[PDB]
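See structure below.
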Amino acid sequence: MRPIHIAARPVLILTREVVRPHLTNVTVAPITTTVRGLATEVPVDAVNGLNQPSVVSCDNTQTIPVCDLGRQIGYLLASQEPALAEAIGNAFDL
Amino acid sequence: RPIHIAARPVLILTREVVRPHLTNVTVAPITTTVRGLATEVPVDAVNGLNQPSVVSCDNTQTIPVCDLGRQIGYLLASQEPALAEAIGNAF
């Protein structure tokens with residue numbers, strides 16, 4: 001998926017890309033350097049677009065307006081898409 | 001270039017190049033009350049408004065894009081050197 005920058009934190013775009021231009025909001029998942037090693041965390045480093053080993057926190061999923069979405073700084077590798085699918089799954093119980 | 005925001009008609013100072021790549025924007029407000037300084041850039045109905053007003057460069061403000069509104073007007077390139085000086089004279 002498409003890690004972008006938003007007010008200021010790096011976020012992972014959870015909202016499906018298809019309907020993105022047709023919505024005034026977007027569901028994203030913040031990224032923190034504070035890694036706790038949970039099932040709700042998806043590890044991401046500089047390969048992903050960042051500049052420090054961090055994690056995608058699926059526990060703090062937030063929906064924000066598009067005018068608070070900013071510069072696209074990075075990519076989430078397709079190989080990681082199952083992991084993500086699991087993290088969320090574990091964050092919400094399924 | 002001039003758009004609206006909050007609410008006053010404002011002039012987008014921030015380069016348009018990075019505008020879509022930013023969640024904020026540096027703008028300069030526009031008031032009908034002209035005080036007649038070197039840091040003011042005159043603008044009329046030609047620009048897209050319908051009243052003689054001035055760009056106040058001393059009151060430059062950076063605001064989130066979520067505070068940006070409909071676009072009402074244009075700044076002619078001929079006025080754009082003056083602006084370049086205004087800021088220079090302001091700062």
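Note on naming: chains are A, B, ... as they come in the structure tokens, residues start from 1 per chain, ligands start from 1 in the order shown.
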Closest atom pairs, residues of chain B within 8 Å of chain A, only C-alpha atoms, as CSV:
```
residue,atom,partner,partner_atom,distance
B:20,CA,A:70,CA,7.4
B:21,CA,A:71,CA,4.5
B:22,CA,A:70,CA,5.0
B:23,CA,A:70,CA,5.1
B:64,CA,A:68,CA,7.8
B:65,CA,A:67,CA,5.6
B:66,CA,A:67,CA,5.1
```
Produce a file of the selected residues containing N, CA and C atoms, as an mmCIF file, in the first residue's frame.
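Result file follows (again17.cif):
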```cif
data_model
loop_
_atom_site.group_PDB
_atom_site.id
_atom_site.type_symbol
_atom_site.label_atom_id
_atom_site.label_comp_id
_atom_site.auth_asym_id
_atom_site.auth_seq_id
_atom_site.Cartn_x
_atom_site.Cartn_y
_atom_site.Cartn_z
ATOM 1 N N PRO B 20 0.495 20.622 -3.706
ATOM 2 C CA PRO B 20 -0.224 19.375 -3.491
ATOM 3 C C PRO B 20 0.505 18.410 -2.559
ATOM 4 N N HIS B 21 1.760 18.699 -2.269
ATOM 5 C CA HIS B 21 2.573 17.825 -1.431
ATOM 6 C C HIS B 21 2.679 18.357 -0.013
ATOM 7 N N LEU B 22 1.794 19.280 0.350
ATOM 8 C CA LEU B 22 1.801 19.833 1.692
ATOM 9 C C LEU B 22 0.432 19.944 2.333
ATOM 10 N N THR B 23 0.436 19.782 3.654
ATOM 11 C CA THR B 23 -0.769 19.880 4.465
ATOM 12 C C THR B 23 -0.941 21.287 5.029
ATOM 13 N N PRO B 64 -3.313 25.548 7.807
ATOM 14 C CA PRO B 64 -3.563 24.237 7.232
ATOM 15 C C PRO B 64 -4.454 24.309 5.998
ATOM 16 N N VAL B 65 -4.310 23.370 5.076
ATOM 17 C CA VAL B 65 -5.061 23.400 3.827
ATOM 18 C C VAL B 65 -6.570 23.217 4.081
ATOM 19 N N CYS B 66 -6.898 22.595 5.200
ATOM 20 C CA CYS B 66 -8.280 22.414 5.647
ATOM 21 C C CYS B 66 -8.975 23.732 5.960
#
```
All strand (DSSP E) positions in chain A, as a ChimeraX atom specification: /A:4-6,9-13,25-32,41-44,54-57,62-65,69-72
Could you save the residues just selected, with C-alpha atoms, as a PDB file, in the first residue's frame?
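The result, stored in selection-v1.pdb:
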```
ATOM      1  CA  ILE A   4       1.975   9.005   3.108  1.00  0.00           C
ATOM      2  CA  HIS A   5       2.539  11.861   5.550  1.00  0.00           C
ATOM      3  CA  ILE A   6      -0.233  13.477   7.667  1.00  0.00           C
ATOM      4  CA  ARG A   9       3.250  11.599  11.347  1.00  0.00           C
ATOM      5  CA  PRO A  10       3.903   8.924   8.715  1.00  0.00           C
ATOM      6  CA  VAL A  11       0.747   6.917   8.136  1.00  0.00           C
ATOM      7  CA  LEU A  12      -0.223   3.828   6.151  1.00  0.00           C
ATOM      8  CA  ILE A  13      -3.229   4.258   3.890  1.00  0.00           C
ATOM      9  CA  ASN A  25     -11.810  11.194   4.192  1.00  0.00           C
ATOM     10  CA  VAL A  26      -9.230   8.425   4.365  1.00  0.00           C
ATOM     11  CA  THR A  27      -8.597   5.701   6.914  1.00  0.00           C
ATOM     12  CA  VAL A  28      -4.953   5.480   7.909  1.00  0.00           C
ATOM     13  CA  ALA A  29      -2.757   3.768  10.481  1.00  0.00           C
ATOM     14  CA  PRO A  30      -0.051   5.759  12.228  1.00  0.00           C
ATOM     15  CA  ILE A  31       3.582   4.693  12.465  1.00  0.00           C
ATOM     16  CA  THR A  32       5.582   5.024  15.652  1.00  0.00           C
ATOM     17  CA  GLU A  41       2.180  -4.124  14.782  1.00  0.00           C
ATOM     18  CA  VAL A  42       3.584  -4.252  11.272  1.00  0.00           C
ATOM     19  CA  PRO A  43       7.368  -3.672  11.139  1.00  0.00           C
ATOM     20  CA  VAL A  44       8.569  -1.111   8.611  1.00  0.00           C
ATOM     21  CA  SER A  54       9.408   1.734  13.113  1.00  0.00           C
ATOM     22  CA  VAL A  55       6.072  -0.086  13.294  1.00  0.00           C
ATOM     23  CA  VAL A  56       2.592   0.357  11.865  1.00  0.00           C
ATOM     24  CA  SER A  57       0.250   0.530  14.867  1.00  0.00           C
ATOM     25  CA  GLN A  62      -7.797   6.754  12.488  1.00  0.00           C
ATOM     26  CA  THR A  63      -9.967   8.290   9.770  1.00  0.00           C
ATOM     27  CA  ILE A  64      -8.781  11.750   8.725  1.00  0.00           C
ATOM     28  CA  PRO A  65      -9.881  14.380   6.132  1.00  0.00           C
ATOM     29  CA  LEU A  69      -3.169  14.018   4.101  1.00  0.00           C
ATOM     30  CA  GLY A  70       0.125  15.168   2.604  1.00  0.00           C
ATOM     31  CA  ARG A  71       3.325  14.064   0.864  1.00  0.00           C
ATOM     32  CA  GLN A  72       3.627  10.371  -0.115  1.00  0.00           C
TER      33      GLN A  72
END
```
Pick from A:84, A:14, A:91, A:76 nearest to residue A:59, counting only C-alpha atoms: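 Once distances to residue A:59 are computed over only C-alpha atoms, the minimum belongs to A:91.
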Distance query residue A:48 at most 9 Å, only C-alpha atoms, self and fewer than 5 positions along chain excluded, as a PyMOL selection string: chain A and resi 3+73-77
Would you output that residue set with N, CA and C atoms, as a compact mmCIF listing (two decimals), in the first residue's frame?
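Wrote part02.txt, looks like this:
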```txt
# COMPACT_ATOMS: atom_id res chain seq x y z
N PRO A 3 2.26 4.38 1.97
CA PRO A 3 2.56 5.27 3.15
C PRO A 3 2.80 6.71 2.78
N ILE A 73 5.43 9.42 1.19
CA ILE A 73 6.81 9.11 1.49
C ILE A 73 7.07 7.63 1.66
N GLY A 74 6.95 6.82 0.64
CA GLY A 74 7.16 5.38 0.85
C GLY A 74 6.09 4.44 0.35
N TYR A 75 6.36 3.16 0.45
CA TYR A 75 5.55 2.11 -0.16
C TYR A 75 5.47 0.95 0.85
N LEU A 76 4.35 0.25 0.84
CA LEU A 76 4.25 -0.96 1.62
C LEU A 76 4.32 -2.14 0.68
N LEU A 77 5.36 -2.95 0.83
CA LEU A 77 5.62 -4.08 -0.08
C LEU A 77 4.48 -5.07 -0.11
```
d(atom CA of residue B:73, atom CA of residue B:61) in Å: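 Separation of atom CA of residue B:73 and atom CA of residue B:61: 19.0 Å.
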Nearest to residue B:89 by atom-to-atom distance, counting only C-alpha atoms, from B:39, B:50, B:56, B:24: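 Result for the nearest residue to residue B:89: B:39.
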DSSP-assigned helix (DSSP H, G or I) members of chain A, reported as a ChimeraX atom specification: /A:20-22,46-48,58-60,66-68,78-92
Computed interatomic separation between atom CA of residue B:87 and atom CA of residue B:40 (Å):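 For atom CA of residue B:87 relative to atom CA of residue B:40, the distance reads 9.1 Å.
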